[PDB]
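Single chain ahead, by itself, as C-alpha cells, in the form deposited in one PDB entry.
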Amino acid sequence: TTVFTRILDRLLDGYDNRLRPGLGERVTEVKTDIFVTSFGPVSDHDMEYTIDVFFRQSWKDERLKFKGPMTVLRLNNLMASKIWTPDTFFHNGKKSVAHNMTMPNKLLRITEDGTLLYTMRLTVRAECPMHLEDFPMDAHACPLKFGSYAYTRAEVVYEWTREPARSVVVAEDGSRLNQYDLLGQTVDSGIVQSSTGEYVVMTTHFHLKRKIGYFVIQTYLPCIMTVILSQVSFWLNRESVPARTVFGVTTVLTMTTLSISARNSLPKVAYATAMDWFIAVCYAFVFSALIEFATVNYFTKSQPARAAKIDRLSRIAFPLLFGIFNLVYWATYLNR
C-alpha cells in the first residue's frame, strides 16, 4: 500500500504545475469529448439554453511517467489540483456550475506512460441568439464553443478524441425540452483571433425545431373562432341593429385582447413574426366586417335593395377570403 504512496511522492517531487507539459519543446495536445446527460430547457426570452455534460479531456505529460504493479492509477479529485490542467472555458457561456455534491465531481486517471484523463461534470448556460421572424414555426442552431483561455494555438491545441461526429454523444433519456425537438448536432473546429493572439476553438451546433401545438391551441384557434363569430353577424336580420353592433364590437374587443396577450412570451423584438401577421389579418377581417355592417345599416332605410345585395355578397366574400388566406399562410409557413 505504501508503494503507491512512494510513487505519488516521487511524481510530485520537483514537479511544477505553473508550466504546461512540453513548454518550449512542443505543442500540448488535448483530446476532448462531451457526453450530454440532459439537454436542458431553452429560454426564448433570455436567448439562452442550459445543458448538463460530462466533459472529458486527455493529454500527455512526460513528468508523470511511473512504473508499478498497476498500469493505471485512478486517483482522487484533489490530486488534479497539484498538476497542470488545461484552462478550458466556454466562449458563449453565461453562468456555468461545477458541481460539488457531495464531493467535487471530477475524476483523474494516470497511465504508466504519462497519459492523463481528466473528467468533470458541468452545467453550462450558453447563449443562443435567435431570429424569430418565422415564430412559432422557426428552427435554430444553438452553438456551444469552447477552448483555451490563456494558451494560444502555438502552445495548446484541441482535438476530438474520436471522429468529430461521434465525439459529442447525447444520452437517450437526456431531453428536458418542453417545446423543442432536437434534430441532431454538428461538430467543427476552427481558429478564433483576439487581441491576445490566435486560439483553437471547438464548436458544436445543436439543431432545434419548435413545436406548434401550444400556439395553435392558445392563439390561432381563438382568432379563428373570433373571425367566425364576427362573420356570423352577416346572417342576422338587418332590423336587429343592437345585436349586430354588439357582435362586431365584442369581436373587435376579443381581437384586441388576443393581439395584446400573444406577445407576452416572445422577447420584445423589433420586427414582425408570422403570428403577428396572422393576428393582424384576423383583426383586419373583424374590423372590415364591422365596417361592412355600418355601411349596410347606413343604406338600410334609403336603398334597402342595395343593403340586401351588399349583405348577400359579403356572406360569400368573407368566408372564402378567410379560407384562402389561411391556406396560403399555412402552405407558406408549414414548409418553409
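Superpose the two forms; the largest set of C-alphas matching within 1.5 Å is the rigid core. Numbering starts at 1 and follows the sequence shown.
Although it is not shown, the form deposited in another entry is what the next lines describe.
With the core fitted between this form and the one not shown, just one of 74, 131, 209, 95 shows a Cα displacement of at least 2 Å, namely 74. Put the two forms on the same core and the Cα of residue 290 is off by less than 2 Å between this form and the one not shown. Taking 2 Å as the criterion, residue 266 counts as shifted between this form and the one not shown: its C-alpha moves by at least this amount when the rigid core is aligned.
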